[PDB]
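These notes concern the structure reproduced below.
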Amino acid sequence: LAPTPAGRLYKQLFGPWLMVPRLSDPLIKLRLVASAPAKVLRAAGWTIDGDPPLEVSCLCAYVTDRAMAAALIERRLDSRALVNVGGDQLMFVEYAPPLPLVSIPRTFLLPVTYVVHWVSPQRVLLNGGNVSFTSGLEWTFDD
Amino acid sequence: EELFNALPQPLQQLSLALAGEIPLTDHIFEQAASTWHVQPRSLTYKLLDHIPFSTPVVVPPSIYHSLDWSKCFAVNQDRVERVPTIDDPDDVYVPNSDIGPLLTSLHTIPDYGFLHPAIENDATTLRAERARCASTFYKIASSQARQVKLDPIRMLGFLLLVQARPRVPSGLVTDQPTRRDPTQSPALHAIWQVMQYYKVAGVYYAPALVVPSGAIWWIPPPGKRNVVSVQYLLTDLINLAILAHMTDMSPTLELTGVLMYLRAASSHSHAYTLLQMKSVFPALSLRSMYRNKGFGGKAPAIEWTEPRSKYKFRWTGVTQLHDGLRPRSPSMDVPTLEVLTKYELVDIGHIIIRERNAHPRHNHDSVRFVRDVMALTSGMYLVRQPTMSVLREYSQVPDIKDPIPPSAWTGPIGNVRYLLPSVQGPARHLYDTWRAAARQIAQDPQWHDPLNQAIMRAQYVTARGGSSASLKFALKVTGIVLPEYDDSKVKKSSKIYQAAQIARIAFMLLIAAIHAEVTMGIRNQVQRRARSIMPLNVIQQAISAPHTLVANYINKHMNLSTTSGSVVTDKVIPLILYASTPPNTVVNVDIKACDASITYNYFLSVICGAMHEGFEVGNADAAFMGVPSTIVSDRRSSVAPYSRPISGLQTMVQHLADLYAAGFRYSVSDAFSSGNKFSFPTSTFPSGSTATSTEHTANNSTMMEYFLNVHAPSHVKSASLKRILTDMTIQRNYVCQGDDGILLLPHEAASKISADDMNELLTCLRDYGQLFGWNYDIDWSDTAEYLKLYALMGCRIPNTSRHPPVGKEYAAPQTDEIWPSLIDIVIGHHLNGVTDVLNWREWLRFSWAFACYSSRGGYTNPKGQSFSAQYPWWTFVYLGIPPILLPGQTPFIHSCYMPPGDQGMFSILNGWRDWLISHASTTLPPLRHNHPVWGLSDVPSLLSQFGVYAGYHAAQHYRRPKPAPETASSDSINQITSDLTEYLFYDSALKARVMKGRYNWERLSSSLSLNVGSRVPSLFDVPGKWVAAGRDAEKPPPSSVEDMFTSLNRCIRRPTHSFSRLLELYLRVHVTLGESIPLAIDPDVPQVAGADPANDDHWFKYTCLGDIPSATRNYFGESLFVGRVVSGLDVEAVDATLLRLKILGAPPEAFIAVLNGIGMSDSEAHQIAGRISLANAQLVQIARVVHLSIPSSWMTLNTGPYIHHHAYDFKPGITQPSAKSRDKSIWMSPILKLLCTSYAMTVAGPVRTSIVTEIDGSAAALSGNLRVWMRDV
RNA sequence: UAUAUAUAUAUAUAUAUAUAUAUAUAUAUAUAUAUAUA
RNA sequence: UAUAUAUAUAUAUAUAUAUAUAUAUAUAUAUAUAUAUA
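The listed protein sequences derive, respectively, from chains B and A.
Every number in the entry's author numbering is 575 more than the matching position in the first sequence, counting from 1.
Every number in the entry's author numbering is 1 more than the matching position in the second sequence, counting from 1.
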């Protein structure tokens, strides 16, 4: 097949980051954490404090205008997440409708790679067995 | 027979009626039907107590050894797999486990149970592993039991009822009473023994019960436990018992089948065990019959006419058989016995072989034996977890033994690479072939014709469909806001729905959506793995158009598609018969998995390059199907790269190659498993319907041709083989369709090729396929397997096991159907028993019993009322089931070939005429004023007393509920309509044509006063038909059901005493039967197994007429005037209207308006209209104008010549002159001939000459009334 | 009682098939001997 | 210890010959039953 120049892919991934030092104002972090009901966690033998459902950061993003960023955060992505995690805390994510890059507003900025992780690892007190569950996705701020 | 005494009184009456003791009546018809619906099914098993079995069968207790299910399932990567027990990775089927522990109790029937609500909740909510595994196991186990047209116990009840009493003999000299008898059938005795385990207080609890939502199970007491395999074993036993009786086989063969099933059931994975040793029976019998010394008999002499492309064959006598003609290939005993040793079933082989050795000569007995033994293979629709199925089939990639080196390609053309001229070999052959075809496609003004463009777009829409969700996502992703029409109650996933959304959008905007996910489906099979259905979205289907077009040209212009025109499927019948004759040697071949072996790295890349290059000849700037030309960079020259325009066709290829290289991305969402949907890509070609047969057949033919002409001569060793291998070409030596293929050798001069050379030849072919990764899976056994048809020495062998009496596929956890549909199931069920030649007398008896049970049904509102109804038995007569005994007649005088519909009614009445008239005169007072056909004797009242009218009109009533409309939804209906019309009428010329035609038509029809309200086929109604189909595909609301029951009952209760106008007129004709026609062939020669003097009527019908369709002058009317039409409209409606107009003598402009109403331009409309004439029309072509058609059952017989010159519509010395048709005979005689032959085919026995003897009214009066009716409709 | 026809059984002859034994040839495996190489 | 070659023995498979047993077909004889005639 006709192969493409790899530089274009590199430009798509790293290109935006290279423009960071040229910026004048600081960045603002974001993420689209997905919730996790405590029932299934306890049912799987996990020891967790507090009733509120746990949530896990799937992917972090960056902006700089808080105003429009908040104005764009009200969209409800039509892509569910199929979270799976083993007892060894090896955590995995899957989007039942695939998440396309063009759906990301072009004012955002994504890291080249990212690793899913608990937003607050201290909530859990003991890893029970392996766990799977489904939840919606919601862009949110962070501090 | 004490069993007859055991039956309740209504069933005893029904059995008497079925035996022919008494004429059937609605009264007993209801009593039997009602009582079956009220008594518990276990009583059917209870009946078995009264059979003193005397068969040597023992049911080992090894069956009740449930293997724990917990070790047969696991979840990894969040999907529930099957984790096979044996090291074989294919043991992915239902295990042998005790379902008991997973059961609760029902409140309605406390004895039986269903799944724990706790388990399903936890699997749903908590996604608990063991909960999910249990759920998945329960779902599939239930589904496997559900693969039946109805509950097996009911079928067993049918068999006992018919077999409870011997049928009364008819007066026919060939009416042999049944040789087989009960108390000798191993199957029934086996059922008795195994069922002894399931009784606690002489109650005989059924191991399972099928329901609309699947199947339920009975909670075992603490001592016992129920293994799911037992239920499957019962179904196989019941099915075998029924089949053995109908086929009338020796008990010894049935004994072997019982042992066969028992051994399979004893081990784990009953399905897998059966699947492994599947082909044992055909190999033992069909593949090795005449490998001995005392060979001989008579065989057909079939000749293939010179224009072999036409596939025309001639029967030209018989040939004496002798030892020099006996089959040459080695027998199959050794491998089969070796396999059977594994399952210690060598006794079965010894029994079969010994019995086979009793048929050294080819005759009726030999083939009958072959038919019976081959009918022993299991008829179960096997089903496995779809997840395992998709994971096991698409995980295969072809292995190429000599890949195309990367240095064999030119520079890229943006996506594709052209093939260097210096490269030779099969790939070069393939490249040139596709390139040449692409060139021919390139310049072809056949396309860009707006009508043809309409055909292609319309071809893409059907009621079914898929991948709509992927479509909506992908376009929404690219910012495209599609319309919605939900209020118009039509399924979104329907291909119609997505098509309507697309109508407005500029096509190029949609290009990004072709790289989207495709959903999938699975359809189970009887003797193999389940098939796959992979429906592309409408856009993808549109893009792949060039691939289809080129493939079609390759097929239609090289080997004439090898019958893939599929015009009538019966054209393969004479072909295989000829291929199996002694003078010819035939080899059966088929690609191991053509869908899985076609791929981009080797195959598709070559095709894409050839097509892209082949399209270079043509205007570089010429949009095709809305795809404009574009600029692409050419890099063939490293020193002088540049960019040049390419035509739309090439742009399509550019994207198509990109998609193929990326590989198809499927998304599985199986419902039987629990919460395990996912997506994974594969190179497997979709191959979901006939649209794939074209590509595979083209490549199939190409590789075969290169092998024959180039590879084999250069590589084979035997000089004699070279001598015979040469002078051979595919166009007269090879045919195929998809993977399947047939290769036949040139007639070796009064001799046969050495098996040594055959082995050399077959070996080289295997290696040749291995080169590019095709496993050829060839075999040589001097038999004909093509499209699942079997022929031996010119005699067709119906493989009955592929049509199990009880089995039926169901691809969903729920049956999702309503009661009246069962009737159509019965009708279709009965026809198979006619197509396959069974014992026609006994098959008819069983059929009526099935009908009686189906005749009654009911329904309940989701919360409110119940509803009920049942048909008078005369309905089934109208639907096409012969009556067994009429009052005043003798039983079993009506042949199964009796046509359905009005024709069957007319023929029955015609024979029944005199008795009715005389009897009515004695019984009833005369009617008040004279009748055309009847005297004053008033038979109509008698018919009403028989409820004939009730049945006649009841069968006319529809059987599926109708969905309701709405006005805001009608805005969506209009929106749906508008867009469908918009999609249909891409241009404006077609819209102008149709509008003009419609306007002229109604103007003419009213002003000329032909009639008003004539629903003439026109394009403006095609979207309406689509909309109705789309709305119909939805699950109806209950109100529609209630309307159906009420309407049906009212139609039943309404007192009417008249048939349709046509049937009323048809009764005016009197037809008589003369002597038998001269025979077609020698009665000694068998042509269809089982159509022998034992099964007399089939044996008569085939012998008199001859099977080979040989319409040398008739052509069976396939020359329809309108060769090119759009989907949705019916050609058979169009020509009927045209002929009707021509008979009515309409002015030419009437034809012009009608033709213009379906898009034909004025010039071609005049051209077509001129062709219309009563002369060139065929008998059936003109007779269809009044819906007189040929029954499907006749499609296997050579009825042409009989209808032509054996059905005398006017014999001078017999007919009354009043019946002389005079000048209108040009269109009257075909009608009379059709009526005559229909009556002749109705009666049993040999075919006799049919003669019109009298019409009560003058023939002129008949013609006049017909013209009136023709004008009315 | 006799004749003729049909069916079943038994005996004898002939043909065909299968099984078992023995002989001869060929192939494969294992053991032993001899030669050669390591 | 291993590999290769040759000889001998044993086992298994295939072919041919001979013997025995069993099954099937055909012919002849005898017995029994049923039908028809005398």
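Cβ atoms here follow ideal geometry from the backbone N, Cα and C, with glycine treated the same way.
CA-CA distance, residue 666 (chain B) to residue 718 (chain B), rounds to 23 angstroms.
If you keep only unbroken alpha helix (DSSP H) runs of at least 4 residues inside the region 607-693 of chain A, you get 649-663. With a contact defined as Cβ atoms closer than 8 angstroms, residue 1145 (chain A) and residue 1272 (chain A) qualify at about 6 angstroms.
Excluding the 5 residues flanking it on each side, residue 213 (chain A) has same chain C-beta neighbours closer than 6 angstroms at 816, in chain order.
Within the DSSP bridge table, the entry for residue 99 (chain A) names A:228 as partners. Residue 1262 (chain A) is not a Cβ neighbour of residue 1237 (chain A), given a cutoff of 8 angstroms. For residue 92 (chain A), none of the residues of chain B pass the 9 angstroms Cβ criterion, the least Cβ distance being about 26 angstroms. Taking 8 angstroms as the cut-off, the beta carbon of residue 232 (chain A) is found no closer than this to the beta carbon of residue 382 (chain A). Per DSSP, reduced to three states, the secondary structure at residue 905 (chain A) is helical. With its beta carbon at least 8 angstroms from every one in chain B, residue 610 (chain A) lies outside the interface.
For residue 741 (chain A), the closest alpha carbon among the candidates A:822, A:593, A:799 and A:1104 is that of A:593. Take the alpha-carbon of residue 562 (chain A) and the one of residue 758 (chain A): they are about 30 angstroms apart.
In the DSSP assignment, residue 1071 (chain A) falls within the beta strand (DSSP E) that extends over 1070-1077. Distance from the CA of residue 90 (chain A) to the CA of residue 435 (chain A), rounded to the nearest whole angstrom, comes to 39 angstroms. In the structure shown, residue 363 (chain A) adopts extended strand secondary structure according to DSSP, grouped into three states. Contact note: residue 127 (chain A) reaches chain B through 614, 615, 618 and 619, using a C-beta cutoff of 8 angstroms and chain order. Per the Cβ contact rule, the region 507-525 of chain A is not in contact with the region 364-378 of chain A (fewer than 3 Cβ pairs under 8 angstroms). Within chain A, no residue has its beta carbon less than 9 angstroms from that of residue 581 (chain B); the closest one is some 15 angstroms off. Around the beta carbon of residue 663 (chain B), a 10 Å sphere encloses fewer than 16 other beta carbons of the protein chains shown; the residue is thus reported as exposed. Contact between the region 1023-1037 of chain A and the region 1180-1195 of chain A is absent, with fewer than three C-beta pairs closer than 8 angstroms. Nearest Cα to residue 291 (chain A) within the set A:395, A:1000, A:379 and A:333: A:333.
Around the C-beta of residue 588 (chain B), fewer than 16 other C-beta atoms lie within 10 Å, and the residue is accordingly described as exposed. DSSP, reduced to helix, strand and coil, places residue 594 (chain B) outside both helices and strands of the structure shown, so it counts as coil. Each residue's CA atom was taken as its position, placing residue 579 (chain A) and residue 322 (chain A) some 15 angstroms apart.
Rounded to whole angstroms, the gap between the alpha carbons of residue 1252 (chain A) and residue 1069 (chain A) is 14 angstroms.
Note that the C-beta distance between residue 191 (chain A) and residue 238 (chain A) is below 8 angstroms.
Between the region 1150-1157 of chain A and the region 1004-1012 of chain A, the count of C-beta pairs closer than 8 angstroms reaches three or more; the two stretches touch. Looking at the DSSP output, residue 666 (chain B) sits in a beta bridge with B:660. The residue among A:1181, A:1104 and A:1110 with its C-alpha nearest the C-alpha of residue 1133 (chain A) is A:1181. By the rule that beta-carbons nearer than 8 angstroms mark a contact, residue 671 (chain B) touches chain A.
Within the same chain, Cβ atoms closer than 7 angstroms to the Cβ of residue 721 (chain A) are found at 758, the five residues on either side in sequence being excluded.
For residue 30 (chain A), the nearest beta carbon of chain B is not closer than 8 angstroms to its own beta carbon.
If you compare the alpha carbons of B:670, B:638, B:579 and B:585 with that of residue 659 (chain B), the shortest gap goes to B:670.
Residue 75 (chain A) sits in a strand when the DSSP states are folded into three classes. By the Cβ neighbour-count rule, residue 625 (chain A) is buried, with 16 or more other Cβ atoms within 10 Å of its own.
Three or more beta-carbon pairs separated by less than 8 angstroms link the region 824-833 of chain A to the region 874-893 of chain A, which places the two stretches in contact.
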